[PDB]
Amino acid sequence: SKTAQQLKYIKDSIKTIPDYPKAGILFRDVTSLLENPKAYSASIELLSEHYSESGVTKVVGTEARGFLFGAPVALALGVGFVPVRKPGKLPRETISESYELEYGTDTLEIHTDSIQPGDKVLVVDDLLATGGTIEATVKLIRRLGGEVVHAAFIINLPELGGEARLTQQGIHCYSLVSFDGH
Amino acid sequence: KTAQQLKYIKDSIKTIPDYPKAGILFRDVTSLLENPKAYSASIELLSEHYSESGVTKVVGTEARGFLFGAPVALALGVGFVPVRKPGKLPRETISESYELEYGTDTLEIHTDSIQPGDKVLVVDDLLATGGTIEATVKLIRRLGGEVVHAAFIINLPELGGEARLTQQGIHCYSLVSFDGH
Ligand SMILES: Nc1ncnc2[nH]cnc12
Ligand SMILES: Nc1ncnc2[nH]cnc12
Ligand SMILES: [Cl-]
Ligand SMILES: [Cl-]
Ligand SMILES: [Cl-]
Ligand code: NA
Ligand code: NA
Ligand code: NI
């Protein structure tokens, strides 16, 4: 009983903002969940319970909203958190992967020391839309030898394809809530 | 026992010579993040320190500030509110500029997230010049929030950030300090 009520409360605490960033999009605003202590802490408790017996040895989160759920999950699971960032922020040796934007490409980096061949890695992000940044993040992990077959999200937008696209690259996706639309 | 915990924290932070230029001993908080014991210790001390302060909201600026402020907010049981680079926040915002090496940038906050009566803690990873914190403090006070505290993992006191923040009425708390710019 507790857990289905907490999911509903989580989903209710995420505001919909029409026409951001442009017209016709029904933007799903995770910041309203952040500022509700009850919703935020439930979102972390539920993700942490979900993976507590999964053998995860590390969490990776991508900058910036991903830090907000990946790092607390890491803390609750008792494992290291590893950030993936835009270029030029990480100070130690990195590798990088480029990914498609609507116009052009961008890049994500990870510290080459922070993933090893025996790691079992959980990727955590706020919101799964088309999946491009997470697909690049999976590649970075795999290039260093880490296993990544789990990724977890507060929010899934399945009509944008991101879940199907990751799930066909061998990632088992878990999302607390989902919304229709683009 | 208490200095063993801070020493444990401090030793988990790596020093990278000559990044991003020669003479700079870069203090790299990412090695603390990958040590779960150092990382949880650092959140436990920060939150313990403010446990009787009456804080009602924690503010952290993107992105490293999110790694320390949001866990602190979860431990205090209070809302987290991000301050962001422009163009990322969906609801109504206000903006403040601060200074870079070359030029200026701006931070934004949601106007609905801070209100008169709020007691706000600002948390960041590392106190350097303090330009983003001063900007953050102004955002919060323009919305009527009260902010008298800022908390950090690392202080670089040779950059003068604590003095610059005392002058705006902010008490700084840091867990460890390093020399150098
Ligand atoms: N509706 C939406 N809300 C939040 N982020 C998105 N990314 C793509 N569509 C989005
Ligand atoms: N030595 C240093 N390490 C990390 N961040 C900094 N910002 C300014 N100086 C720094
Ligand atoms: Cl982001
Ligand atoms: Cl499997
Ligand atoms: Cl940052
Ligand atoms: Na490696
Ligand atoms: Na307000
Ligand atoms: Ni499988």
Side-chain angles (χ1 to χ4, degrees), chain A residues 9-10 12-17 20 27-44 61 63-72 126-127 154-155, chain B residues 43 46-47 50 53-98 105-125 130 132-153 165 168 170 173:
Chain A
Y9 191 79
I10 285 157
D12 290 331
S13 77
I14 296 163
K15 282 185 213 296
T16 298
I17 311 299
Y20 184 95
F27 193 79
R28 320 298 178 183
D29 183 15
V30 83
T31 71
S32 53
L33 175 165
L34 297 171
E35 65 193 328
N36 179 324
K38 179 179 171 336
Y40 187 19
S41 64
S43 79
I44 306 303
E63 169 187 333
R65 284 186 308 241
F67 285 3
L68 297 173
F69 305 95
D126 59 331
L127 185 145
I154 306 311
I155 304 165
Chain B
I43 301 316
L46 285 179
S47 56
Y50 292 98
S53 65
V55 163
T56 58
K57 300 278 164 69
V58 179
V59 170
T61 61
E62 85 181 281
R64 275 180 315 241
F66 284 5
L67 294 160
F68 299 99
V72 171
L74 283 162
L76 299 169
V78 294
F80 182 77
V81 173
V83 169
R84 301 216 62 189
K85 299 159 165 152
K88 310 279 197 157
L89 288 168
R91 295 183 273 150
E92 188 186 339
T93 55
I94 51 161
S95 176
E96 280 290 326
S97 61
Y98 65 103
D105 211 334
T106 76
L107 294 169
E108 289 175 355
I109 199 173
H110 278 155
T111 59
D112 297 327
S113 297
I114 303 291
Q115 61 186 298
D118 280 327
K119 295 173 182 300
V120 188
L121 174 65
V122 177
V123 181
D124 208 6
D125 59 342
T132 57
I133 309 295
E134 179 171 275
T136 294
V137 163
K138 293 176 164 150
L139 285 171
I140 291 166
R141 305 170 168 164
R142 284 171 52 196
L143 292 177
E146 172 188 289
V147 53
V148 298
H149 296 288
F152 306 87
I153 308 294
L165 299 167
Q168 310 291 95
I170 300 300
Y173 175 65

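Here is the naming used below: chain letters follow the sequence lines, and residue numbers restart at 1 for every chain.
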Novice: For residues 74-87 of chain B, pull every pair meeting side chain to side chain donor-acceptor pair (under 3.5 Å), keeping only residues two or more places apart or in separate chains.
Specialist: B/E62-B/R84
Novice: Can you measure from NE2 (B/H110) to CG (B/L89) and round to the nearest 0.5 angstrom?
Specialist: 4.0 Å
Novice: With a 3.5 Å distance limit and no angle check, can you tell me whether B/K57 reaches the backbone of B/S113 through a side-chain donor-acceptor pair?
Specialist: yes
Novice: So, the side chain of B/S47 versus the backbone of B/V72: is there a donor-acceptor pair under 3.5 Å, distance only?
Specialist: no
Novice: Name all residues meeting the ring-ring contact (aromatic ring centres under 6.0 Å, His included) criterion together with A/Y20; count only those two or more places apart in sequence or in a different chain, and write none if there are none.
Specialist: A/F27
Novice: As an exercise, state the distance from CD1 of B/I140 to NZ of B/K138, rounded to the nearest 0.5 Å.
Specialist: 12.5 Å
Novice: Please answer whether the main-chain N or O of A/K15 pairs with a side-chain N or O of A/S32 as donor and acceptor at a distance below 3.5 Å.
Specialist: yes
Novice: Evaluate the criterion side chain to side chain contact (heavy atoms under 4.5 Å, CB included) for residue pair B/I109 and B/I94; output intermediate values, then yes/no.
Specialist: CA-CA 6 Å; B/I109 199 173; B/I94 51 161; 3.9 Å; yes
Novice: If I take atom OG1 from residue B/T111 and atom CG from residue B/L139, how far apart are they, to the nearest 0.5 angstrom?
Specialist: 11.0 Å
Novice: Check whether any side-chain N or O of A/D29 sits under 3.5 Å from a backbone N or O of A/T31 as a donor-acceptor pair, and report yes or no.
Specialist: yes
Novice: Tell me, with the steps shown, if B/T136 and B/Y98 meet side chain to side chain contact (heavy atoms under 4.5 Å, CB included).
Specialist: CA-CA 9 Å; B/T136 294; B/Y98 65 103; over 6 Å; no
Novice: Give every donor-acceptor pair under 3.5 Å between a side-chain atom in residues 141-152 of chain B and any protein atom, sequence neighbours left out.
Specialist:
from: B/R141; atom 1: NH1; to: B/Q168; atom 2: O; distance (Å): 2.9
from: B/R141; atom 1: NH2; to: B/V147; atom 2: O; distance (Å): 3.0
from: B/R141; atom 1: NH2; to: B/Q168; atom 2: O; distance (Å): 2.8
from: B/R142; atom 1: NH1; to: B/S95; atom 2: O; distance (Å): 2.8
from: B/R142; atom 1: NH1; to: B/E96; atom 2: OE2; distance (Å): 2.7

Novice: Between B/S97 (side chain only) and B/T106 (backbone N and O only), is there a donor and an acceptor less than 3.5 Å apart?
Specialist: no
Novice: Residues in salt bridge (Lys or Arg N to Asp or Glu O under 4.0 Å) with B/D125, at least two apart?
Specialist: B/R64
Novice: Output every pair passing side chain to side chain donor-acceptor pair (under 3.5 Å) with a member in residues 66-75 of chain B, not counting sequence neighbours, ordered by first then second residue.
Specialist: none
Novice: Can you check whether A/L33's main-chain N or O pairs, donor with acceptor, with A/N36's side chain at less than 3.5 Å?
Specialist: no
Novice: Taking atom CG of B/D124 and atom CD1 of B/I133, what is their separation to the nearest 0.5 Å?
Specialist: 4.5 Å
Novice: When you look at A/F69 and A/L34, which way does the side chain to side chain contact (heavy atoms under 4.5 Å, CB included) test go after all the steps?
Specialist: CA-CA 10 Å; A/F69 305 95; A/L34 297 171; 3.8 Å; yes
Novice: Distance check, rounded to the nearest 0.5 Å: B/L76 atom CG versus B/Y50 atom OH?
Specialist: 10.0 Å
Novice: In Å and rounded to the nearest 0.5 Å, what is the CG to CG distance from B/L121 to B/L46?
Specialist: 8.0 Å
Novice: Could you tell me which non-hydrogen atom of A/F67 sits nearest to which non-hydrogen atom of A/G61, and how far apart they are?
Specialist: CE1-O, 3.4 Å
Novice: Can you name the salt bridge (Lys or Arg N to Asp or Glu O under 4.0 Å) partners of B/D105, sequence neighbours left out?
Specialist: none
